[PDB]
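Residues per chain, in single letters:
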Amino acid sequence: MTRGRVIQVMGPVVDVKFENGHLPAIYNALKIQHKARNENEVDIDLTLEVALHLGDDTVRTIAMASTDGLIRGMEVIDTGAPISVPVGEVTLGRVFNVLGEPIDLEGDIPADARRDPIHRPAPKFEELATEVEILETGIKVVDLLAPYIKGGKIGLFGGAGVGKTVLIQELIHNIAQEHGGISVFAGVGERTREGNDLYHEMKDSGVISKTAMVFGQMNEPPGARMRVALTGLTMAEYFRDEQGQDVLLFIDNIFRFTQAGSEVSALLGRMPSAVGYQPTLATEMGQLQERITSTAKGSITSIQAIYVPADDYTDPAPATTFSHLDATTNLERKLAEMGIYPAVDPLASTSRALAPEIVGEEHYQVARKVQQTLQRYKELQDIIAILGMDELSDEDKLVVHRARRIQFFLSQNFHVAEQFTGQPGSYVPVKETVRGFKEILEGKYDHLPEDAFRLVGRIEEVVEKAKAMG
Amino acid sequence: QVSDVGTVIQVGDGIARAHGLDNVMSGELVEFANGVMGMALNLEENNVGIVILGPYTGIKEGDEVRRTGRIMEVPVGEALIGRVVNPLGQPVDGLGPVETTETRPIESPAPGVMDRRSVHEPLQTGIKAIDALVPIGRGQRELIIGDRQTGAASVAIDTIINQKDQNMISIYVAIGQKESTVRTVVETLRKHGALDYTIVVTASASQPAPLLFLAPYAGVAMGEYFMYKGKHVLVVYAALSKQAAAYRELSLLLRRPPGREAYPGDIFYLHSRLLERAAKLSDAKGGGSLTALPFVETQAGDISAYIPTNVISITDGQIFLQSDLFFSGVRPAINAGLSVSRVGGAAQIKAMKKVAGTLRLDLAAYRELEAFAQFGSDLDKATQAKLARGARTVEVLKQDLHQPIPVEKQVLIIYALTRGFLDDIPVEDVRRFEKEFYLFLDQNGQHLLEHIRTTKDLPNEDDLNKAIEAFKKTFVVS
Amino acid sequence: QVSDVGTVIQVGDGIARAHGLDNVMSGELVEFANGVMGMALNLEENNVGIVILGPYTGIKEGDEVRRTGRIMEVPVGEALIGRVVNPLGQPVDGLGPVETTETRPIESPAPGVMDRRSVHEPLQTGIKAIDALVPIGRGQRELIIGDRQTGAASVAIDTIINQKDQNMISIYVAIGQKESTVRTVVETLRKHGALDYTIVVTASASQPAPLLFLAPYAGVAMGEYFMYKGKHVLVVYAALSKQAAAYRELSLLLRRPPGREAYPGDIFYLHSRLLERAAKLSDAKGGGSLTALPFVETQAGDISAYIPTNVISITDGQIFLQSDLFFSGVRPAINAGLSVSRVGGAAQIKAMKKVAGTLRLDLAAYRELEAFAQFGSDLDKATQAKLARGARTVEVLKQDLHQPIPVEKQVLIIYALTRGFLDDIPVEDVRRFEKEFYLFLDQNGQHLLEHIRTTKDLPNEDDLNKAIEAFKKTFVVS
């Protein structure tokens with residue numbers, strides 16, 4: 001029967017015993033609710049997930065919270081299914097922990113709401129899309145140099161104080177406005193105060209009206225710090241399937257997900273792999289990433305922040321992550337200091353979509369020309385800073401002029417920054433931005449001052465602003 | 001209580017442990033109540049160590065395990081061509097079931113020392129750089145090693161496409177690749193029309209480590225059927241690195257002691273047992289063949305790593321791809337410094353052999369003239385001519401995506417490059433020159449193309465020269 | 001049925017295994033037969049792994065073990081101020097017992113993400129370098145990492161003393177320090193008169209491992225009381241590395257499976273659970289705050305070790321101390337090149353914010369050109385100006401021990417240095433210049449000091465320039 005009792009407690013790992021022939025299947029969830037029968041006890045409410053069968057009708061589980069106060073002999077209730085999380089429009093604008101219980105003070109979800117299992121087989125071979133598509137985000141730099149693929153994974157590098165949150169907000173807002181697609185944020189292993197500040201920022205900017213957030217704090221046990229990513233993904237899958245609309249999924253940190261996996265595996269007791277990581281690192285990463293695909297009637301595109309340990313690009317976790325990535329954008333302090341936003345690197349960033357078979361020969365040629373011009377400008381800057389522009393020939397002076405114009409034109413205004421500037425922002429289509437960049441390359445607008453290329457977006461706004469100062 | 005049918009005890013991380021099954025043999029196939037197949041590895045005194053080939057979520061302690069009476073088998077047949085199957089041989093593309101009648105054991109002895117024979121026939125890979133510097137025979141086991149995002153998969157698809165008319169079956173085995181990537185690959189193969197003579201075996205990342213580990217053996221077992229019947233086969237493993245990772249995970253789960261870089265000591269045997277089945281049989285055995293082109297993924301271009309060393313020891317030769325030249329959009333560098341085909345050379349036809357030597361010398365010279373020699377204009381001896389000719393060679397060595405060049409046009413363009421006919425046209429027009437050159441040969445060079453196709457030897461040098469000169473006259477410089 | 005009693009089975013190295021105690025809870029408090037306290041860690045099917053909290057030489061196998069029913073708890077209250085207490089809550093300095101009337105569990109949930117508010121108030125340490133470059137705001141957990149003999153305890157003591165006037169209550173937690181050093185620290189604190197608002201928690205190196213493991217938790221639990229009463233608390237740990245060592249030893253003794261560097265699997269969980277209880281509560285909770293300044297020691301500046309890496313990832317920023325600079329003589333030898341504080345910017349008053357940036361850029365520019373100083377061939381107008389400015393700024397940034405500087409005088413001297421007014425004073429007299437300037441400001445700058453104190457804003461620039469000009473005129477060059 002469903003009733004089972006505890007026999008062993010070792011830190012976060014707990015063991016249960018059931019009547020023979022009624023053992024729960026793997027990955028199920030066990031609920032423990034107890035009332036203090038006397039003063040030598042403490043009320044406990046804990047949820048465990050089943051991991052291993054040790055035989056003898058015993059089960060080895062791991063905990064999702066503190067295990068203090070546990071007594072050998074408490075009743076254990078089996079739910080019969082993996083962790084269930086509410087899905088639907090009710091999730092939007094709320095903050096959940098790993099178990100689907102709201103963290104904010106808006107109230108509890110009604111019990112009748114539809115819920116879905118966390119663990120789920122990946123979509124079959126048949127349902128996948130047969131061709132590649134380009135996600136038009138409306139941010140000039142990314143849709144020019146490093147395009148995003150519908151259903152692909154995108155890596156995002158950069159430290160603190162660089163505008164990463166601003167870029168996230170702008171991406172969410174643009175995607176919502178121009179595609180009717182919701183977005184989901186999953187803070188795997190975040191700092192609590194940073195998460196709180198991000199929540200406040202999003203609420204003030206008003207983006208939060210079309211998003212759902214899941215937070216796993218760094219003070220949580222490894223079980224929760226592993227399952228938060230999966231619960232976010234299963235939140236997004238409902239919108240992909242039932243609604244049939246393109247969705248955005250963010251992951252605050254995936255290296256911490258791998259680290260939590262390693263810690264839980266060490267607790268379970270398996271021998272460590274190469275650098276102490278769990279042996280099952282590759283398959284765990286696969287079972288996570290393989291559900292972020294693009295099917296015949298929807299798509300999920302993922303923006304994942306990566307922190308490299310000890311700055312080693314050959315470490316097993318960065319290697320395993322990079323085995324899946326489709327594109328990379330890099331955020332740079334120097335571009336931050338200059339009055340340029342979103343301060344994304346135009347050279348370090350790269351993509352797989354940058355091919356004539358996908359974006360088109362014209363787009364590819366314009367992008368390559370911009371790349372080489374910027375590289376040449378970077379080469380000349382070092383000598384020019386000591387020698388002055390005098391030694392520069394006429395052709396190199398023209399190159400420097402065009403490179404400065406291009407580099408300044410790469411910046412853009414944001415709907416987010418309205419609260420601090422008043423500029424209504426812009427959403428620049430791919431065709432318009434590539435045409436404008438080609439025309440600027442042709443030298444048609446070389447007579448304008450460089451500052452006319454600052455924070456406009458579309459090419460028409462450039463001439464309008466230039467006329468504005470006259 | 002009859003003990004010819006087992007009973008589960010422990011389940012965890014894809015490894016069960018059944019109790020009973022007295023008449024089971026090591027390596028037999030066992031099927032659970034759910035319908036999931038299983039391997040039997042260890043036959044201990046009481047229990048039996050079972051490895052699960054599939055989803056182990058649904059199998060619970062106390063379930064019943066049945067015997068099948070067959071060792072590890074895979075369905076093989078002519079009906080399998082054009083399909084996409086998992087390593088167990090079950091279709092995954094829909095399109096109905098598969099009608100197969102014969103099977104072959106996964107583990108089979110490789111051909112003996114007397115059975116093999118020296119390889120002497122070419123394998124037209126449709127890539128000019130490969131067919132010029134690193135030729136591949138029809139019995140070789142050539143490694144293709146490089147970093148990620150270096151067009152290695154692209155090379156695989158071109159190699160498979162180019163066999164449209166050489167009456168050769170082919171098999172593409174993908175290990176640990178993304179399902180979306182596999183779907184796009186299947187789609188482009190169907191678009192170019194190669195699905196009439198190919199078979200794809202897939203094992204994505206979500207699939208369990210046992211399947212990842214078993215896929216290549218299934219692929220080569222499928223190949224061996226045609227190989228022994230007497231045809232010619234080409235097999236392209238995708239990521240032996242990921243297969244090794246899966247085997248390492250399986251070993252560490254089975255509580256075996258690791259070695260260097262946590263790899264168990266059995267990894268070399270695991271790779272050798274797989275690769276050693278690729279050999280060219282004698283005429284007495286049937287005249288078959290089986291060539292393999294496994295890939296390996298490196299980090300930061302480091303050959304010193306354990307798996308690269310093992311595979312380079314097993315293989316006949318390696319083809320290195322350089323990451324830095326991939327940025328310039330070129331087909332990634334076929335680095336002639338480290339590339340070598342020890343078995344090859346005897347496979348090349350004499351027509352292309354007559355020129356491969358001067359291409360190798362020219363490329364060596366141009367690559368040896370580094371940026372220090374490129375600097376300044378003090379290099380006024382024959383070094384300027386060497387640099388110009390080397391630039392011509394480098395420009396002509398590039399290729400487009402999914403554009404196989406037949407060997408006849410390959411040798412024609414390469415001869416025209418060597419004999420000075422390209423020393424005048426600026427390096428920016430060489431590609432259009434090549435294109436119009438192919439068009440000119442298509443419209444007029446039927447005699448030359450037929451002679452090359454029939455005799456595998458160069459035509460009259462004078463006739464070839466005069467045709468090239470006529471094309472030069474009819475050409476227009478931009 | 002033995003329910004609240006049990007018998008010992010094994011003893012040794014502070015680890016005891018008892019039989020019985022079936023109704024014990026994990027993490028409970030257990031009293032032995034002779035009065036030694038103990039906490040139960042592991043609950044197995046037949047034995048209860050107990051950890052001994054004192055001199056364990058007096059326990060023989062067969063001893064009676066009793067139950068208390070109380071989860072681990074520490075005394076807390078206002079009576080603890082000005083006492084030296086071991087983690088268990090007992091005084092080690094004589095002077096009678098304590099009068100704590102309320103206790104709380106050492107393990108409590110951290111404040112939720114909906115009860116926290118962005119940090120917006122300064123924490124005045126009184127050290128010019130850190131206060132100008134890497135500011136600390138109340139509610140921030142900032143890590144001070146440095147090698148041995150680099151004045152870490154010096155900085156800790158200055159920032160503890162400097163809180164004399166403000167409303168802060170400071171708690172100093174000593175882990176693994178020598179009892180002699182602890183005694184001297186207590187004496188210097190008493191001499192400076194800080195003992196009227198501070199509590200010292202000590203766990204010497206001679207104490208058993210569990211006390212070292214428990215000290216930080218006892219400190220944090222003591223602080224949380226004044227948290228939730230509505231005050232502001234500052235807490236300092238010296239050796240998170242030594243606490244990790246003690247926990248590793250305990251886990252290894254209790255036969256728990258090891259991980260990296262033989263550390264147990266949950267060391268990161270331990271550190272995060274300890275540190276995440278430091279936050280700035282929202283106004284609904286009363287407005288309390290608790291800032292933590294853990295210390296980590298690296299051998300030869302190896303920040304690549306497991307514990308330093310984990311603490312760096314957990315905390316909000318690093319303050320680097322340089323052994324070479326400390327040996328050269330620079331006090332406190334802050335490596336401003338690598339130190340970072342993500343909270344900074346909003347943690348400084350406006351008066352200091354208006355001046356910090358220029359000095360920061362000046363230091364950044366000078367730091368990269370330190371090799372130019374060997375030769376006078378330097379371009380004088382830019383490079384030599386940068387060298388002179390950098391030398392002057394460094395000489396200003398030097399400081400002595402146990403003399404905190406008020407923020408008004410700090411910003412005064414920083415403004416004077418930034419505005420170029422010190423380019424004339426010889427670099428070997430700047431310290432005397434600074435002391436005399438402080439004396440002169442105390443003489444007649446009281447109006448500017450009061451304005452800065454009451455508005456957090458810069459005074460009138462004209463009057464400030466007039467005053468500094470007057471002092472410059474009245475100064476004598478040596």
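Residues numbered from 1 in each chain as written, not as in the entry; some residues may be left out. Chains lettered and ligands numbered in written order. Part of a larger assembly, values for the part shown. Heavy atoms only, no water.

In terms of determination method and resolution, the entry is listed under cryo-EM at 3.3 Å.

Chemist: Where do I start with the overall build of chain B in this structure?
Modeler: Within chain B, the regular secondary structure consists of 14 helices and 18 strands. In terms of its C-alpha atoms, chain B occupies a principal-axis envelope of roughly 90 × 45 × 45 Å. For chain B, restricting intrachain contacts to residue pairs at least 6 apart in sequence, the fraction spanning at least 24 positions comes to 73%. Accessible surface for chain B amounts to roughly 20400 Å². Of this, 54% is attributable to carbon and sulfur atoms. Counting 51 positive and 57 negative side-chain charges, chain B places the averaged centre of each group 3 Å from the other. (Helix = DSSP H or I, 4+ residues; strand = E, 2+ residues; numbered from the N terminus. Contact = heavy atoms within 4.5 Å. Areas by Shrake-Rupley, 256 points an atom, 1.4 Å probe, with all protein chains shown as cover. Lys, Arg positive; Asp, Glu negative; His and termini not counted. Charge placed at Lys NZ, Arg CZ, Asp CG, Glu CD.)

Chemist: What am I meant to see in the interface of chain C and chain A here?
Modeler: It is common to report an interface's size as the accessible area lost on association of the parts. Listed per partner, the contact involves 43 residues of chain C and 38 residues of chain A. Summed over both partners, the interface of chain C with chain A buries about 3600 Å², with 53% contributed by carbon and sulfur atoms. Looking only at chain C, the three residues that lose the most surface to chain A are C:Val113, C:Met114 and C:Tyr269, adding up to 19% of its buried area. Between C:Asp316 and A:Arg191 there is a salt bridge, with the nearest N and O atoms lying 3.9 Å from each other. Where chain C packs against chain A, one counts 15 residue pairs in polar contact. Looking at the side of chain C that touches chain A, the elements that each hand over two or more residues are β4 (37-43), β5 (47-52), β6 (64-71), α6 (267-275) and α7 (306-314) of chain C. Per-element tally for the side of chain C that touches chain A: the top contributor is β6(C), with five residues. In terms of residue class, the side of chain C that touches chain A is built from 15 nonpolar, 13 polar and 15 charged. (Buried area = accessible area lost by both parts, 1.4 Å probe. Salt bridge = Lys/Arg side-chain N within 4 Å of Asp/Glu carboxyl O. Polar contact = N/O pair within 3.5 Å; in protein donor to acceptor, adjacent residues only side chain to side chain. Nonpolar A, V, L, I, M, F, W, Y, C, P; charged D, E, K, R; others polar.)

Chemist: Honestly, unusual backbone geometry in this entry has me stumped. Any pointers?
Modeler: The peptide bond linking A:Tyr341 to A:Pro342 adopts the cis configuration, its omega dihedral lying at 5 degrees. Inspection of the secondary structure assignment puts A:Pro342 in the loop between α8 (333-337) and β19 (350-351). Going from C:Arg331 to C:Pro332, the amide bond is cis rather than trans, its omega being 0 degrees. Within the chain, B:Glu261 stands out as a residue other than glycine whose phi angle is a positive 55 degrees.

Chemist: Explain the sheet that holds strand β14 (residues 291-292) of chain B to me, please; I cannot follow it from the model alone.
Modeler: The strands that make up a sheet pair up through hydrogen bonds in the backbone, lying either parallel or antiparallel. All names here are of chain B. Ordered by their spatial adjacency, five strands build an open sheet running β8-β12-β11-β13-β14, and the pairing between neighbours is parallel. The open sheet has two edge strands with one neighbour each: β8 (84-85) and β14. Where β8 lies against strand β12 (residues 198-203), two bridges are found, and the strand directions are parallel. Bridged to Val85 within β12 is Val201. (Pairing = 2+ DSSP bridges.)

Chemist: I would appreciate a short explanation of the UniProt feature "binding site: ATP" (unreviewed entry) in chain A in the present structure.
Modeler: According to UniProt, the feature "binding site: ATP" (unreviewed entry) maps to A:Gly158, A:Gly159, A:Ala160, A:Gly161, A:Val162, A:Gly163, A:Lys164, A:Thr165 and A:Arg352 in the numbering used here. What stands out for the annotated residues spanning 195 residues is how far apart their C-alpha atoms range, the widest pair being 28.0 Å apart. Along the chain, the position of A:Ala160 falls in the loop between β12 (153-156) and α2 (164-179). Among the residues examined, A:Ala160 registers a relative accessible area of 40% and is labelled partly exposed. When near neighbours in sequence (up to four residues on either side) are disregarded, A:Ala160 contacts A:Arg333 and C:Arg342. On the secondary structure map, A:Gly163 appears in the loop between β12 and α2. (UniProt positions renumbered as here; feature names shortened; annotations may be inferred. Buried < 20%, exposed > 50% of the residue type's maximum accessible area, 1.4 Å probe, protein only.)

Chemist: I'm lost on the sheet that holds strand β13 (residues 232-237) of chain C in this one. Help?
Modeler: With respect to topology, five strands assemble into an open sheet ordered β8-β12-β11-β13-β14 (chain C), the strand pairing being parallel. Strands at the two margins of the open sheet, each flanked by one partner only, are β8 (84-85) and β14 (289-292) of chain C.

Chemist: Before we go on, may I ask you to explain the interface of chain B and chain A in this structure?
Modeler: Taken together, the 32 residues of chain B in the interface contact 38 residues of chain A. Carbon and sulfur atoms supply 59% of the area that chain B and chain A bury against each other, a total of about 3300 Å² over both sides. Inspection of the chain B/chain A interface yields two salt bridges. For A:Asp326, the salt bridge is made with B:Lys178, and the minimal N-O distance between the two is 3.0 Å. In this assembly, chain B and chain A are joined by 14 residue pairs in polar contact. Here the side of chain B that touches chain A takes seven residues from helix α3 (residues 179-192) of chain B, the largest share from any one element. Looking at the side of chain B that touches chain A residue by residue, the class counts come to twelve nonpolar, seven polar and 13 charged.

Chemist: How do you make sense of helix α9 (residues 361-387) of chain A when you look at a structure like this?
Modeler: In an α-helix, one turn spans 3.6 residues; hence positions three or four apart end up facing the same way. Residue and element names in this part refer to chain A. For α9, spanning 27 residues, the distance from its first C-alpha to its last is 39 Å, which sits close to the expected 39 Å at 1.5 Å a residue. The principal kink in α9, of about 35 degrees, is found at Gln381. Those residues of α9 that fall on the buried side of the exposure criterion are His363, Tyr364, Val366, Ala367, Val370, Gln371, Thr373, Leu374, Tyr377 and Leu380. Residues of α9 that are buried sit in contact with α1 (140-144), α10 (394-409) and α12 (430-441). Residue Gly388 follows α9 closely and has a positive phi angle near 80 degrees. (Expected span 1.5 Å × (residues − 1). Bend = angle between axes of the 7 residues up to and from the residue.)

Chemist: Explain a nonpolar patch on the surface here, please?
Modeler: Judged by side-chain polarity, A:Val132, A:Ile134 and A:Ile358 come together as a nonpolar surface patch covering roughly 190 Å² of accessible area. Taking the relative accessible area as the measure of exposure, A:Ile134 reaches 32% and is therefore partly exposed. (Patch = residues over 30% accessible without salt bridge, like charges linked within 9 Å, V, L, I, M, F, W, Y side chains within 5 Å.)

Chemist: Even after reading the chapter, I still don't get the domain arrangement of chain A, so can you show me in this structure?
Modeler: Domain annotation for chain A reports domain 1 (4-84), domain 2 (85-358) and domain 3 (359-469). On a C-alpha basis, the centroid separation for the pair domain 1 of chain A and domain 3 of chain A is 62 Å. (Domains from an automatic or database assignment.)

Chemist: Help me understand the arrangement of the chains, please; the structure alone is not making it clear to me.
Modeler: Here two pairs of chains are in contact, and chains A and C lead that list by number of contacts. There is no contact between chain B and chain C; across them, the least C-alpha separation is 14 Å.

Chemist: Please clarify how the pattern of salt bridges should be interpreted in this entry.
Modeler: Oppositely charged side chains can pair when the atoms bearing their charge come close. The tally for this structure, following the rule as stated, stands at 77 salt bridges over all chains. A salt bridge links A:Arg3 to A:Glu75; its shortest N-O distance comes to 3.9 Å. Of the two residues, A:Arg3 sits in the segment before β1 (4-10) while A:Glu75 sits in strand β6 (residues 75-78), which places them 72 residues apart along the sequence. By relative accessible area, A:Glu75 is classed as partly exposed at 49%. Residue B:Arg67 pairs with B:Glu28 through a salt bridge whose shortest N-O separation is 2.7 Å. Of the two residues, B:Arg67 is situated in strand β6 (residues 64-71) and B:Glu28 in strand β3 (residues 28-32); the sequence distance between them amounts to 39 residues. One network of salt bridges, with partners in common, ties together A:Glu432, A:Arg435, A:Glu439, A:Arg458, A:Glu460 and A:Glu461.

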